[PDB]
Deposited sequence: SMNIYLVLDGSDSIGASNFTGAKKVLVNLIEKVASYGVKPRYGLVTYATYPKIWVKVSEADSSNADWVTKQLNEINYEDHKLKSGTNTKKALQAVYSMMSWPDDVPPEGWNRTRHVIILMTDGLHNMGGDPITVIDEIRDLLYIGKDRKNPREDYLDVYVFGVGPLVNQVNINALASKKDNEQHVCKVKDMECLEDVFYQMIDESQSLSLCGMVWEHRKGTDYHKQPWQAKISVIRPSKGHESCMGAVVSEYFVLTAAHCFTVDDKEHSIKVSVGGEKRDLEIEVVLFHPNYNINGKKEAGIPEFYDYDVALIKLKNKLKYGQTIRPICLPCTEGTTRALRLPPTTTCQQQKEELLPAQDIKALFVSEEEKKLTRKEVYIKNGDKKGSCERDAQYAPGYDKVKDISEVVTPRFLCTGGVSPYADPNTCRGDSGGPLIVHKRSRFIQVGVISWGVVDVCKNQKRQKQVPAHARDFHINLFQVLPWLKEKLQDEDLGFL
């Protein structure tokens, strides 16, 4: 159990702009905490001469991040009256009341005070902190219980009184509880002190976003696949479970032997041995030659089972898959959510904002693209006619099957294109600060590694669920 008390100074010395800027920090914090699957109870208070309680931890809805964010969004600077006075002591007493009781010992409390430190009314606020520690039994028995209280003070504005701010904040070794609101480095560090990374290692679609992170931290699911032959093959894939990596089927052939295939993940120097490659049963690159389709990429997906089981860390984590309980939670939806509901959320009938990862000279970079899933879909699919060897295709819909998603082009925006080395990699949608894989990079019209018909096709994972569900049934992913 965790309670977070957001206390915002709305006095005259703060000003409208900085007050709004301060709320932004709070909105972003609530969102990041939620993205970790953590559900604390929130308290929300604004103050000047007197405090105004907007949300109390005792309220049932106080643990509903969307509802709290809504409340915070509705708060207007002018709502808090009597701005000529600043009584920080009273603001903290409002928090004390929320902790008061007219398994308390298991609740951890976090106070986040945003002020310039210029209280001009009431006594010394430090006194209330002392009452709070006594109330929560902290610093009483050396069972110190210091872990149960954290007082963060974010200095707002250019004219801040550092002494008063330092006085109220917690003082814990190897930790920082004071930050200037504009100091983005400091604020960032605060988050990682507050939330326990360990409780979220089993979460799919998670990324450690800290400024010190590497390419492996920013794309933890990314797997590099090597096939040594004839020329050597280079493909990308995504970790979907402790034993499996999802990639494209065309990256391999029935002639490739297990030992000739190596996988690399997490920025580790070593390569990983595979047990076997599971091609989608319906994949047959030569199945439509008669129809004028030299290479048929329908059902172009394959699952690589690794010899050794992976352990999830900050550089090796699974991406979320469509229609699984993991994705439902990542999207913060109720347990009664359906595959169709997930589909409507992730792949609506319109231009969908998405991304894929590309290796550009030892470095991984995200490329933003748009999935044409609206009435712009046909135009994208038809451009498949300009693809090499597809000039004599009778019905283009026979090559561009219902299994494909389409990206690339100049509308609505100039989309970047996938390169040969990106083949097999995941096509991703970013939602609720989480990453969900909706497709597998399959093939393109033009090798641009540009023309308006330079489209890229990906296998829609929603269209191969029966197979995914079957091959991953024992991976504890909880398919719906």
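- Missing from the model, by position in the deposited sequence, are residues 103 to 108, 149, 237 to 238, 459 to 466.
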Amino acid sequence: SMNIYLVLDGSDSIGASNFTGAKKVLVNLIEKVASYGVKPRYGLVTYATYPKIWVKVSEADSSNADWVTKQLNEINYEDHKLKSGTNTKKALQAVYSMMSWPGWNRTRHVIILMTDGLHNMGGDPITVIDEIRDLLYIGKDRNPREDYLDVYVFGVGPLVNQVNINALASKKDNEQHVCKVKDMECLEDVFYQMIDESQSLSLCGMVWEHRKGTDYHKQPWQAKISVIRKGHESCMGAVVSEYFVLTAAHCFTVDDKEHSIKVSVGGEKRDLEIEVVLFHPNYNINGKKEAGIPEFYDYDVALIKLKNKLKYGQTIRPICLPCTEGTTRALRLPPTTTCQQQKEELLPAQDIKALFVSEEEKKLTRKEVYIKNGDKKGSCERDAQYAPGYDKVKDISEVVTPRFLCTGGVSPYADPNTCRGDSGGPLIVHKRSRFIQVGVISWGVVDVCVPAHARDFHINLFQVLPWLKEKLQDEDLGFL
From here on, numbers count along this sequence of modelled residues.
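- The mean Cα B-factor in the deposited entry runs higher for 195 to 203 than for the other of 195 to 203 and 109 to 117.
- Taking the PDB entry as given, 92 to 100 carries the higher mean Cα B factor of the two stretches 92 to 100 and 239 to 247.
- Per the deposited coordinates, the residue with the largest Cα temperature factor out of 450, 427, 34, 44 is 450.
- In the deposited coordinates, the residue among 86, 315, 336, 71 with the greatest CA B-factor is 336.
- When the modelled residues of the chain are ordered by C-alpha B-factor, residue 431 sits in the middle third.
- Remark: residue 29 belongs to the lowest third of its chain, ranked by C-alpha B-factor as recorded.
- Residue 67: CA B factor in the middle third of modelled residues in this chain (values from the PDB entry).
- Among all modelled residues in its chain, residue 362 ranks in the highest third by Cα B-factor.
- Residue 423: CA B factor lies in the middle third for its chain, per the PDB record.
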